[PDB]
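The structure under discussion appears below in the form of structure tokens.
Reminder, nothing fancy here: chain letters follow the sequence lines and each chain counts from 1.
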Protein chains: 2
Amino acid sequence: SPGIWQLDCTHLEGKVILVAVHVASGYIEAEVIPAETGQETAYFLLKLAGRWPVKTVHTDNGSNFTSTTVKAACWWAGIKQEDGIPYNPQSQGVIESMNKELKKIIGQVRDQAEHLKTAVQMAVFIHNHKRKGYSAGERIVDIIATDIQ
Amino acid sequence: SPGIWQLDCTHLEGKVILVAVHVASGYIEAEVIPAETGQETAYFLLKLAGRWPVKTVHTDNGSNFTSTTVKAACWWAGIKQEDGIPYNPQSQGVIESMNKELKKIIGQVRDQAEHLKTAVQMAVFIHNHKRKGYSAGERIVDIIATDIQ
Ligand SMILES: O=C1Cc2ccccc2/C1=C\c1ccc2c(c1C(=O)O)OCO2
Ligand SMILES: O=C1Cc2ccccc2/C1=C\c1ccc2c(c1C(=O)O)OCO2
Ligand SMILES: O=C1Cc2ccccc2/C1=C\c1ccc2c(c1C(=O)O)OCO2
Ligand SMILES: O=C1Cc2ccccc2/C1=C\c1ccc2c(c1C(=O)O)OCO2
């Protein structure tokens with residue numbers, strides 16, 4: 001489980017927000033794209049895996065699970081690509097809650113930037129620094145450092 | 001020490017690659033932009049500081065040191081913005097070497113993707129995972145984990 005991430009795609013302002021959550025910590029990275037394609041999802045996973053030791057990804061839907069470009073990036077980066085089926089139903093709920101909480105934060109900051117993408121990165125920052133006690137950013141570093149050592 | 005990063009801007013294919021290096025580990029994040037502006041540097045620093053606990057940044061040149069947009073982002077994210085002057089000249093030489101090494105990796109992958117931005121993220125991945133013995137990605141997590149405790 002230190003290597004497990006989940007993809008999640010949510011919509012705001014006619015645009016798509018692609019999120020990766022590190023399931024054990026709650027830590028996230030996110031970006032805005034005009035629409036979810038395999039091309040964009042593949043690039044996002046390549047960025048993530050160069051930054052954190054991503055071993056497994058639960059993909060967000062069957063189009064990205066099937067996408068040959070996503071499978072190419074998962075092969076390149078050494079990621080085991082998995083489906084995203086909430087074989088555990090508390091999964092659907094945790095992700096829904098995250099999207100509602102991210103959108104709330106986005107609305108709390110939205111007036112401080114012109115572009116949605118800036119607001120989304122402000123919300124990533126506030127989410128990862130929030131203590132709840134340790135923050136998600138502290139949790140992920142502690143988890144992965146324990147895994148190394 | 002655990003919160004110190006250095007900005008570095010290098011050029012390839014008529015484009016600019018903006019790099020942040022975590023000085024104690026060598027770990028990097030990077031992006032391709034059409035040219036270095038305060039706007040893009042500000043956005044890049046907001047992304048970085050949402051993902052790692054960025055306390056101090058040595059800016060790469062005086063235009064980004066002066067930029068009011070850069071200063072806004074550093075204020076928003078809680079980053080101490082510093083000049084980039086190698087009061088220790090070892091610094092310049094280290095950054096030069098990194099740019100040469102990154103360009104070398106980029107050339108090694110360049111034919112595997114159409115777009116430079118993809119090649120640069122492949123190079124970020126190879127650089128962060130290279131063991132030296134620990135990799136930069138391992139060093140950064142160990143340093144920050146040690147700091148949290
Ligand atoms: O062919 C491959 C192998 C590979 C391995 C890992 C990641 C990407 C690619 C990849 C292509 C590609 C994919 C998405 C992109 C993208 C490109 C590109 O060709 O630059 O550009 C932006 O989003
Ligand atoms: O260790 C990590 C990795 C990480 C990734 C993303 C965000 C924060 C962190 C982080 C630590 C942290 C450090 C100093 C702070 C701070 C926090 C925090 O609250 O997250 O809050 C104020 O000064
Ligand atoms: O005014 C502020 C306060 C602030 C605080 C933190 C980061 C950005 C901003 C910021 C503006 C901004 C800056 C760069 C951008 C950007 C925008 C934007 O307005 O969306 O869009 C992409 O690069
Ligand atoms: O702990 C971290 C944080 C980090 C950030 C970026 C890249 C790697 C790492 C990393 C660990 C790591 C884990 C498993 C590996 C591996 C490495 C590595 O070599 O970096 O190499 C192959 O299997």
Side-chain angles (χ1 to χ4, degrees), chain A residues 15 29-33 47 51 105-106 108-129 137, chain B residues 1-96 98-99 102-103 116-117 120-121 123-124 140:
Chain A
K15 283 192 169 70
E29 297 222 6
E31 66 173 22
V32 175
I33 52 178
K47 290 197 273 183
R51 285 159 178 77
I105 300 155
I106 293 165
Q108 290 176 354
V109 307
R110 185 74 186 83
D111 76 324
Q112 288 174 60
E114 173 175 35
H115 303 299
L116 177 63
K117 62 172 199 187
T118 306
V120 169
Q121 304 301 326
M122 287 176 170
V124 170
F125 181 112
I126 287 167
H127 173 90
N128 289 332
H129 283 87
Chain B
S1 188
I4 305 169
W5 294 72
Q6 171 72 244
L7 286 178
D8 159 46
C9 172
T10 193
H11 297 72
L12 207 71
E13 303 184 8
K15 283 181 172 72
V16 161
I17 299 165
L18 187 50
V19 183
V21 185
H22 180 257
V23 173
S25 65
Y27 171 89
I28 64 174
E29 296 215 15
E31 67 175 20
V32 176
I33 50 175
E36 193 178 32
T37 56
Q39 186 95 327
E40 290 284 0
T41 299
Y43 183 68
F44 182 70
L45 293 171
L46 172 56
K47 292 199 271 183
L48 184 70
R51 284 162 180 74
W52 288 105
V54 177
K55 188 195 161 212
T56 298
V57 168
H58 293 276
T59 48
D60 53 326
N61 59 53
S63 291
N64 271 340
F65 188 55
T66 299
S67 169
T68 61
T69 302
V70 171
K71 283 183 192 300
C74 283
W75 165 82
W76 196 98
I79 296 171
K80 297 204 219 168
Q81 186 213 213
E82 290 177 2
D83 62 67
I85 192 312
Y87 307 105
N88 165 68
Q90 296 263 73
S91 312
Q92 281 162 122
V94 161
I95 298 307
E96 169 206 65
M98 191 192 68
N99 293 334
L102 290 173
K103 281 177 183 186
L116 177 62
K117 65 170 191 190
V120 168
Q121 304 302 321
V124 171
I140 184 175

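What you find for A:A119 and A:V109 is that their closest heavy atoms are O-CG2, 3.6 Å. When all heavy atoms are compared, the tightest approach of B:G38 to B:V70 is O-CG2, 3.6 Å. Heavy atoms only, all atoms of each residue included: A:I106 and A:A123 are closest at CG1-CB, 3.6 Å.
The side-chain hydrogen bond (donor to acceptor under 3.5 Å, both in side chains) search around A:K117 returns none, not counting sequence neighbours. Every side-chain contact (heavy atoms from CB on, under 4.5 Å) that B:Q92 has, sequence neighbours left out, goes to B:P86, B:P89. Partners of A:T118 under the side-chain hydrogen bond (donor to acceptor under 3.5 Å, both in side chains) rule, at least two apart in sequence or in another chain, do not exist in this structure. B:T37 is linked by a side-chain contact (heavy atoms from CB on, under 4.5 Å) to B:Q39, B:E40, counting only residues two or more places apart in sequence or in another chain. Partners of B:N88 according to the side-chain contact (heavy atoms from CB on, under 4.5 Å) rule, which considers only residues two or more places apart in sequence or in another chain, are B:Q90, B:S91. In this structure, B:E96 has no side-chain hydrogen bond (donor to acceptor under 3.5 Å, both in side chains) partners at least two apart in sequence or on a different chain.
Residue pairs that meet the salt bridge (charged side-chain N to carboxylate O under 4.0 Å, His left out) test with at least one member in residues 30-39 of chain B, sequence neighbours left out, are B:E31-B:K47. Sorted by first then second residue, the ring-ring contact (aromatic ring centres under 6.0 Å, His included) pairs that include residues 60-86 of chain B, not counting sequence neighbours, are A:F125-B:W76. For the salt bridge (charged side-chain N to carboxylate O under 4.0 Å, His left out) condition, no pair includes a residue of residues 52-76 of chain B, sequence neighbours left out. Residue pairs that meet the salt bridge (charged side-chain N to carboxylate O under 4.0 Å, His left out) test with at least one member in residues 9-23 of chain B, sequence neighbours left out, are B:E13-B:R110.
One distance of note links CZ of B:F44 with CD1 of B:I33; it measures 8.5 Å at 0.5 Å rounding. Considering CG of B:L46 and OG1 of B:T69, their distance stands at 12.5 Å, rounded to 0.5 Å. In this structure, the separation between CG on B:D8 and CG on B:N61 is 10.5 Å, given to the nearest 0.5 Å. Between the CG atom in B:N99 and the CG atom in B:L102 there is a gap of 6.5 Å [rounded to 0.5 Å]. Taking CD of B:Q81 as the reference point, atom CG of B:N64 lies at 8.5 Å (rounded to 0.5 Å). Rounded to the nearest 0.5 angstrom, B:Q6 CD and B:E82 CD are separated by 10.0 Å.
Contact check for B:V57 versus B:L45: side-chain heavy atoms found under the 4.5 Å cut-off. A 4.5 Å side-chain heavy-atom check between B:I28 and B:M98 finds at least one atom pair inside the cut-off. Side-chain contact check for B:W5 versus B:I79: every heavy-atom pair is 4.5 Å or farther apart. Taking 4.5 Å as the limit, every side-chain heavy atom of B:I95 sits out of range of all side-chain heavy atoms of B:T10.
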Donor-acceptor pairs under 3.5 Å, side chain of residues 16-27 of chain B to any protein atom, not counting sequence neighbours: which ones?
residue, atom, partner, partner atom, Å
B:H22, ND1, B:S25, N, 3.4
B:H22, ND1, B:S25, OG, 2.8
B:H22, NE2, B:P2, O, 2.8
B:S25, OG, B:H22, O, 3.4
B:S25, OG, B:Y27, N, 3.0
B:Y27, OH, A:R51, O, 2.7
B:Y27, OH, B:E29, OE2, 3.4
B:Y27, OH, B:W52, NE1, 3.0

